[PDB]
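Text of model00.pdb (PDB, C-alpha atoms (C1' of nucleotides)) as supplied:
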```pdb
ATOM      1  CA  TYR A   1     -29.633  24.590 -10.383
ATOM      2  CA  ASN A   2     -28.497  26.842  -7.551
ATOM      3  CA  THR A   3     -25.705  25.513  -5.379
ATOM      4  CA  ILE A   4     -23.655  26.181  -2.253
ATOM      5  CA  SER A   5     -20.017  25.616  -1.294
ATOM      6  CA  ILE A   6     -18.498  23.983   1.795
ATOM      7  CA  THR A   7     -14.721  24.387   1.654
ATOM      8  CA  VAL A   8     -12.463  22.725   4.187
ATOM      9  CA  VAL A   9      -9.966  25.172   5.551
ATOM     10  CA  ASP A  10      -7.188  24.880   8.115
ATOM     11  CA  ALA A  11      -7.094  21.172   8.190
ATOM     12  CA  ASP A  12      -3.446  20.521   8.184
ATOM     13  CA  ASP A  13      -3.242  19.204  11.685
ATOM     14  CA  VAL A  14      -5.798  16.741  10.540
ATOM     15  CA  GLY A  15      -5.784  15.675   6.883
ATOM     16  CA  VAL A  16      -8.089  17.641   4.622
ATOM     17  CA  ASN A  17      -9.886  14.472   3.541
ATOM     18  CA  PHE A  18     -10.721  13.475   7.115
ATOM     19  CA  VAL A  19     -12.512  16.810   7.520
ATOM     20  CA  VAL A  20     -14.181  16.228   4.130
ATOM     21  CA  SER A  21     -15.384  12.793   5.258
ATOM     22  CA  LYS A  22     -16.618  14.188   8.574
ATOM     23  CA  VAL A  23     -18.473  16.911   6.634
ATOM     24  CA  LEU A  24     -20.133  14.140   4.590
ATOM     25  CA  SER A  25     -20.998  12.193   7.755
ATOM     26  CA  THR A  26     -22.440  15.241   9.523
ATOM     27  CA  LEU A  27     -24.404  16.191   6.417
ATOM     28  CA  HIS A  28     -25.782  12.644   6.318
ATOM     29  CA  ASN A  29     -26.678  12.297   9.997
ATOM     30  CA  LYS A  30     -28.551  15.610  10.351
ATOM     31  CA  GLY A  31     -30.755  15.099   7.293
ATOM     32  CA  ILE A  32     -29.797  17.480   4.427
ATOM     33  CA  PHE A  33     -29.644  14.806   1.703
ATOM     34  CA  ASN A  34     -33.280  13.774   1.804
ATOM     35  CA  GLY A  35     -33.585  12.625  -1.795
ATOM     36  CA  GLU A  36     -32.770  15.641  -3.893
ATOM     37  CA  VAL A  37     -29.641  17.364  -2.561
ATOM     38  CA  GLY A  38     -26.517  16.079  -4.287
ATOM     39  CA  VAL A  39     -22.777  16.517  -3.860
ATOM     40  CA  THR A  40     -20.033  17.274  -6.347
ATOM     41  CA  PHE A  41     -16.361  18.037  -6.021
ATOM     42  CA  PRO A  42     -14.549  20.584  -8.225
ATOM     43  CA  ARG A  43     -11.083  19.137  -7.554
ATOM     44  CA  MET A  44     -11.055  15.368  -8.065
ATOM     45  CA  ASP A  45      -7.745  14.719  -9.798
ATOM     46  CA  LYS A  46      -6.336  12.084  -7.432
ATOM     47  CA  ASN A  47      -7.708  13.370  -4.116
ATOM     48  CA  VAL A  48     -11.422  13.860  -3.368
ATOM     49  CA  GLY A  49     -10.849  17.620  -3.081
ATOM     50  CA  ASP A  50     -11.586  20.080  -0.321
ATOM     51  CA  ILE A  51     -14.870  21.560  -1.612
ATOM     52  CA  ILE A  52     -18.256  19.940  -1.070
ATOM     53  CA  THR A  53     -20.793  21.480  -3.434
ATOM     54  CA  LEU A  54     -24.530  21.062  -2.857
ATOM     55  CA  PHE A  55     -26.782  21.641  -5.856
ATOM     56  CA  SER A  56     -30.309  21.216  -4.487
ATOM     57  CA  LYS A  57     -33.013  22.280  -6.931
ATOM     58  CA  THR A  58     -35.265  23.847  -4.291
ATOM     59  CA  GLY A  59     -32.389  25.856  -2.826
ATOM     60  CA  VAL A  60     -30.007  25.393   0.103
ATOM     61  CA  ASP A  61     -29.631  28.309   2.497
ATOM     62  CA  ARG A  62     -26.597  29.180   4.587
ATOM     63  CA  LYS A  63     -28.392  29.097   7.942
ATOM     64  CA  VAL A  64     -29.673  25.499   7.937
ATOM     65  CA  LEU A  65     -26.368  23.957   6.883
ATOM     66  CA  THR A  66     -24.271  26.206   9.139
ATOM     67  CA  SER A  67     -26.456  25.035  12.014
ATOM     68  CA  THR A  68     -25.909  21.486  10.721
ATOM     69  CA  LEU A  69     -22.111  21.838  10.560
ATOM     70  CA  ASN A  70     -21.797  23.556  13.923
ATOM     71  CA  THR A  71     -19.246  20.868  14.799
ATOM     72  CA  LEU A  72     -16.877  21.651  11.895
ATOM     73  CA  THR A  73     -17.014  25.477  12.158
ATOM     74  CA  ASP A  74     -13.407  25.713  13.420
ATOM     75  CA  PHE A  75     -12.084  24.601  10.011
ATOM     76  CA  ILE A  76     -14.918  25.160   7.535
ATOM     77  CA  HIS A  77     -15.927  27.943   5.168
ATOM     78  CA  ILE A  78     -19.330  28.378   3.531
ATOM     79  CA  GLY A  79     -19.800  30.468   0.420
ATOM     80  CA  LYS A  80     -22.983  32.284  -0.503
ATOM     81  CA  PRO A  81     -25.459  30.339  -2.697
ATOM     82  CA  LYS A  82     -24.503  30.728  -6.354
ATOM     83  CA  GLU A  83     -26.031  29.247  -9.506
ATOM     84  CA  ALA A  84     -24.804  26.690 -12.021
ATOM     85  CA  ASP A  85     -26.589  25.476 -15.141
ATOM     86  CA  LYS A  86     -24.730  22.145 -15.093
ATOM     87  CA  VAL A  87     -23.138  20.330 -12.159
ATOM     88  CA  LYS A  88     -20.789  17.387 -12.625
ATOM     89  CA  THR A  89     -22.640  14.669 -10.740
ATOM     90  CA  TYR A  90     -20.918  11.680  -9.128
ATOM     91  CA  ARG A  91     -22.255   8.315  -7.987
ATOM     92  CA  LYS A  92     -21.333   5.531  -5.578
ATOM     93  CA  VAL A  93     -19.345   2.530  -6.822
ATOM     94  CA  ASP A  94     -18.681  -0.318  -4.390
ATOM     95  CA  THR A  95     -16.125  -3.122  -4.268
ATOM     96  CA  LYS A  96     -16.464  -6.813  -3.441
ATOM     97  CA  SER A  97     -13.634  -9.015  -2.127
ATOM     98  CA  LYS A  98     -13.871 -12.827  -1.851
ATOM     99  CA  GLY A  99     -15.783 -13.676   1.320
ATOM    100  CA  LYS A 100     -18.478 -11.065   0.607
ATOM    101  CA  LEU A 101     -19.740 -12.955  -2.410
ATOM    102  CA  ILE A 102     -18.938 -16.264  -0.694
ATOM    103  CA  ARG A 103     -21.564 -15.494   1.923
ATOM    104  CA  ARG A 104     -23.859 -14.529  -0.939
ATOM    105  CA  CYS A 105     -23.247 -17.983  -2.401
ATOM    106  CA  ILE A 106     -24.131 -19.381   1.023
ATOM    107  CA  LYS A 107     -27.466 -17.623   1.205
ATOM    108  CA  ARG A 108     -28.643 -17.473  -2.416
ATOM    109  CA  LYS A 109     -27.629 -20.753  -4.053
ATOM    110  CA  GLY A 110     -27.516 -22.741  -0.811
ATOM    111  CA  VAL A 111     -24.250 -24.462  -1.710
ATOM    112  CA  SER A 112     -21.628 -25.504   0.819
ATOM    113  CA  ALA A 113     -18.580 -23.460   1.777
ATOM    114  CA  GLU A 114     -15.961 -25.519  -0.074
ATOM    115  CA  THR A 115     -17.799 -25.468  -3.398
ATOM    116  CA  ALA A 116     -18.433 -21.739  -2.876
ATOM    117  CA  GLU A 117     -14.664 -21.366  -2.627
ATOM    118  CA  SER A 118     -14.412 -23.578  -5.721
ATOM    119  CA  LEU A 119     -16.568 -21.396  -7.995
ATOM    120  CA  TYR A 120     -14.823 -18.190  -6.873
ATOM    121  CA  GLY A 121     -11.212 -19.321  -6.393
ATOM    122  CA  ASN A 122      -9.705 -18.062  -9.644
ATOM    123  CA  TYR A 123     -12.139 -15.144  -9.950
ATOM    124  CA  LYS A 124     -12.774 -11.788  -8.189
ATOM    125  CA  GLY A 125     -10.277  -9.419  -6.605
ATOM    126  CA  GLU A 126     -11.043  -6.166  -8.403
ATOM    127  CA  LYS A 127      -9.176  -3.107  -7.180
ATOM    128  CA  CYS A 128     -10.785   0.333  -7.326
ATOM    129  CA  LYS A 129      -8.258   3.146  -7.808
ATOM    130  CA  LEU A 130     -10.880   5.921  -7.976
ATOM    131  CA  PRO A 131     -10.853   8.890  -5.576
ATOM    132  CA  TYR A 132     -12.829   8.126  -2.461
ATOM    133  CA  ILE A 133     -13.914   9.095   1.043
ATOM    134  CA  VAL A 134     -13.792   7.144   4.306
ATOM    135  CA  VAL A 135     -17.240   6.891   5.866
ATOM    136  CA  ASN A 136     -18.467   5.982   9.335
ATOM    137  CA  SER A 137     -21.567   3.908   8.767
ATOM    138  CA  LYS A 138     -23.878   4.086  11.772
ATOM    139  CA  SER A 139     -26.621   1.553  10.967
ATOM    140  CA  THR A 140     -24.029  -1.105  10.125
ATOM    141  CA  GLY A 141     -21.379  -0.754  12.792
ATOM    142  CA  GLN A 142     -18.174  -0.596  10.747
ATOM    143  CA  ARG A 143     -16.209   2.093   8.916
ATOM    144  CA  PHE A 144     -15.386   1.722   5.243
ATOM    145  CA  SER A 145     -14.199   3.447   2.070
ATOM    146  CA  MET A 146     -16.702   4.706  -0.507
ATOM    147  CA  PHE A 147     -15.644   5.296  -4.110
ATOM    148  CA  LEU A 148     -17.033   8.065  -6.312
ATOM    149  CA  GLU A 149     -16.936   8.430 -10.084
ATOM    150  CA  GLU A 150     -18.460  10.493 -12.862
ATOM    151  CA  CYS A 151     -21.825   9.428 -14.276
ATOM    152  CA  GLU A 152     -24.780  10.937 -16.118
ATOM    153  CA  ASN A 153     -27.064  13.153 -14.072
ATOM    154  CA  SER A 154     -30.004  11.508 -12.326
ATOM    155  CA  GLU A 155     -33.140  13.183 -11.014
ATOM    156  CA  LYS A 156     -33.096  11.369  -7.661
ATOM    157  CA  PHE A 157     -30.227  11.111  -5.188
ATOM    158  CA  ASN A 158     -29.434   8.986  -2.148
ATOM    159  CA  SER A 159     -28.969  10.076   1.452
ATOM    160  CA  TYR A 160     -25.310  10.809   0.676
ATOM    161  CA  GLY A 161     -25.488  13.134  -2.331
ATOM    162  CA  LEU A 162     -24.743  10.646  -5.121
ATOM    163  CA  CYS A 163     -26.781   9.572  -8.132
ATOM    164  CA  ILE A 164     -29.369   6.776  -8.209
ATOM    165  CA  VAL A 165     -29.412   4.386 -11.209
TER     166      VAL A 165
ATOM    167  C1'   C B   1      69.746 -15.510 -46.586
ATOM    168  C1'   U B   2      71.058 -14.808 -39.297
ATOM    169  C1'   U B   3      79.242 -18.793 -36.353
ATOM    170  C1'   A B   4      73.692 -19.795 -42.328
ATOM    171  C1'   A B   5      73.374 -25.172 -43.609
ATOM    172  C1'   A B   6      72.650 -30.533 -39.655
ATOM    173  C1'   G B   7      71.887 -33.808 -35.720
ATOM    174  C1'   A B   8      67.096 -39.011 -30.565
ATOM    175  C1'   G B   9      70.765 -38.656 -24.595
ATOM    176  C1'   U B  10      68.831 -42.589 -23.262
ATOM    177  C1'   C B  11      68.515 -46.218 -18.990
ATOM    178  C1'   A B  12      68.385 -47.595 -13.625
ATOM    179  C1'   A B  13      67.004 -46.876  -8.541
ATOM    180  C1'   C B  14      64.499 -48.608  -0.512
ATOM    181  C1'   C B  15      67.154 -42.218   2.940
ATOM    182  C1'   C B  16      67.203 -44.410   6.922
ATOM    183  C1'   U B  17      66.317 -44.919  12.029
ATOM    184  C1'   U B  18      66.184 -42.905  17.234
ATOM    185  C1'   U B  19      64.044 -39.151  20.168
ATOM    186  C1'   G B  20      60.866 -35.718  27.736
ATOM    187  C1'   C B  21      60.870 -28.188  25.987
ATOM    188  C1'   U B  22      60.377 -28.264  30.187
ATOM    189  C1'   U B  23      60.208 -24.491  34.240
ATOM    190  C1'   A B  24      57.377 -19.533  37.459
ATOM    191  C1'   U B  25      54.492 -15.523  36.314
ATOM    192  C1'   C B  26      49.038  -9.571  40.067
ATOM    193  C1'   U B  27      47.299  -6.194  33.710
ATOM    194  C1'   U B  28      45.296  -2.193  36.532
ATOM    195  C1'   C B  29      43.825   1.568  37.626
ATOM    196  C1'   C B  30      40.045   6.389  35.870
ATOM    197  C1'   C B  31      35.154   7.718  34.051
ATOM    198  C1'   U B  32      28.193  11.967  32.641
ATOM    199  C1'   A B  33      26.507   9.806  26.043
ATOM    200  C1'   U B  34      23.889  13.456  26.391
ATOM    201  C1'   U B  35      18.801  17.322  24.306
ATOM    202  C1'   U B  36      14.852  17.054  20.710
ATOM    203  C1'   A B  37      10.794  14.896  17.814
ATOM    204  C1'   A B  38       2.915  14.850  14.398
ATOM    205  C1'   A B  39       4.313   9.247  11.098
ATOM    206  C1'   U B  40       2.077  11.450   7.409
ATOM    207  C1'   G B  41       0.803   9.758   2.599
ATOM    208  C1'   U B  42      -7.887   9.782   2.348
ATOM    209  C1'   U B  43      -4.649   4.391   5.576
ATOM    210  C1'   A B  44      -9.527   1.967   4.095
ATOM    211  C1'   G B  45     -11.299  -0.416   0.149
ATOM    212  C1'   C B  46     -16.485  -2.899   4.203
ATOM    213  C1'   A B  47     -21.346  -5.281   6.313
ATOM    214  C1'   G B  48     -26.977  -6.845   3.301
ATOM    215  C1'   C B  49     -30.117  -7.191  -0.571
ATOM    216  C1'   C B  50     -31.970  -6.565  -5.629
ATOM    217  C1'   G B  51     -30.904 -10.029  -8.650
ATOM    218  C1'   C B  52     -28.893 -16.355 -12.990
ATOM    219  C1'   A B  53     -23.992 -13.888 -12.798
ATOM    220  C1'   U B  54     -18.075 -14.017  -9.556
ATOM    221  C1'   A B  55     -22.614  -8.566 -15.321
ATOM    222  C1'   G B  56     -24.915  -4.403 -13.436
ATOM    223  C1'   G B  57     -27.497  -1.420  -9.437
ATOM    224  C1'   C B  58     -29.247  -0.098  -4.299
ATOM    225  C1'   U B  59     -28.691   0.453   1.242
ATOM    226  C1'   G B  60     -25.334   3.028   5.445
TER     227        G B  60
END
```
Before we go any further, please render this structure as structure tokens.
Amino acid sequence: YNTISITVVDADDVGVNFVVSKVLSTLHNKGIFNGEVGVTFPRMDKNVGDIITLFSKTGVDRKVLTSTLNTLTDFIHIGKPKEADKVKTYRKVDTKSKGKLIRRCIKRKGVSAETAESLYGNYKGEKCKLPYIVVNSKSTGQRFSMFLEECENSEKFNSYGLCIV
RNA sequence: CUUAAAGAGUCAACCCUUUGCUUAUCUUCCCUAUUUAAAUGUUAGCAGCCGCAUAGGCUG
């Protein structure tokens, strides 16, 4: 599948990962990831890396995405579209912490608050140490951290560039 | 075989009483604490809903 590169440059004044996350947000908000364009990162060791890599099967051109990232052009670099027979596809993994599932136990099982604390008191509290990005969510008005990890390649992708199922 | 060799010091108790260390003091003048600077380290791990799950997925 042919692919394109979006490398964050000159982001020292601002962290590199903040520019990476803003690149993800601007690629989300102006379309791009309809259902078939996916992201991958060549340098996840402990950081998310500074290269966004889009491996759309139909083909991503330079002009559409450089018009999309007109806001990041001061510290971005776009390579010409190259080809890759295999891309290392990542997916979204989310975390739950206490009250999250407590409200689920309010609205699914219909139990009271104290017994919902009782079934979950000694449980939960997982801690994801995977490399991540920090995403502005616009439909739900709060900003969060989204965790990415390696999984088998899927035909369909989300609106963010990660695998489905 | 070392002035070798050897050896029970025991007992008992009333230190008493008394008392004026008082008096007066000038510490005091003086004066530059000055000038900087990214808090970075992703700085957050969320809100619903798909579900029997506090298993596993999806949505932004």
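Using only C-alpha atoms (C1' of nucleotides), one finds that the residues of chain B close to chain A, at 9 Å or less, are residues 38, 40, 42, 44, 45, 46, 47, 54, 57, 58 and 60 of chain B.
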So that all listed atoms of range 4-18 of chain B fit with 3 Å spare on each side, what axis-aligned box centre and edge lengths in Å, to one decimal, would you give as lines of an AutoDock Vina configuration file?
```
center_x = 69.1
center_y = -34.2
center_z = -13.2
size_x = 15.2
size_y = 34.8
size_z = 66.8
```
> Written as a PyMOL selection string, what is the full residue list that the PyMOL selection byres ((chain A and resi 162) around 10) yields on the file shown?
Replying inline: chain A and resi 33+35-40+89-93+148-151+153-154+156-161+163-165
>> To one decimal place in Å, what is the distance between CA of residue 87 in chain A and CA of residue 1 in chain A?
In response: 8.0 Å
> How would you write, as a PyMOL selection string, the residues chosen by the PyMOL selection byres ((chain B and resi 49) around 9) on this structure?
Replying inline: chain B and resi 48+50-51+58-59
>> Between CA of residue 3 in chain A and CA of residue 73 in chain A, what is the distance in Å, rounded to a tenth?
In response: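 Result for CA of residue 3 in chain A versus CA of residue 73 in chain A: 19.6 Å, one decimal.
Our summary of the geometry notes that CA of residue 70 in chain A is positioned 21.7 Å from CA of residue 82 in chain A.
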With the file shown as input, list the residues that the PyMOL selection byres ((chain A and resi 60) around 10) selects, as a PDB file with C-alpha atoms, in the coordinates of the input.
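Result file is expr-v7.pdb:
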```pdb
ATOM      1  CA  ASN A   2     -28.497  26.842  -7.551  1.00  0.00           C
ATOM      2  CA  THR A   3     -25.705  25.513  -5.379  1.00  0.00           C
ATOM      3  CA  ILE A   4     -23.655  26.181  -2.253  1.00  0.00           C
ATOM      4  CA  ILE A  32     -29.797  17.480   4.427  1.00  0.00           C
ATOM      5  CA  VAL A  37     -29.641  17.364  -2.561  1.00  0.00           C
ATOM      6  CA  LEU A  54     -24.530  21.062  -2.857  1.00  0.00           C
ATOM      7  CA  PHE A  55     -26.782  21.641  -5.856  1.00  0.00           C
ATOM      8  CA  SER A  56     -30.309  21.216  -4.487  1.00  0.00           C
ATOM      9  CA  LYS A  57     -33.013  22.280  -6.931  1.00  0.00           C
ATOM     10  CA  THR A  58     -35.265  23.847  -4.291  1.00  0.00           C
ATOM     11  CA  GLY A  59     -32.389  25.856  -2.826  1.00  0.00           C
ATOM     12  CA  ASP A  61     -29.631  28.309   2.497  1.00  0.00           C
ATOM     13  CA  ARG A  62     -26.597  29.180   4.587  1.00  0.00           C
ATOM     14  CA  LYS A  63     -28.392  29.097   7.942  1.00  0.00           C
ATOM     15  CA  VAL A  64     -29.673  25.499   7.937  1.00  0.00           C
ATOM     16  CA  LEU A  65     -26.368  23.957   6.883  1.00  0.00           C
ATOM     17  CA  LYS A  80     -22.983  32.284  -0.503  1.00  0.00           C
ATOM     18  CA  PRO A  81     -25.459  30.339  -2.697  1.00  0.00           C
TER      19      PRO A  81
END
```
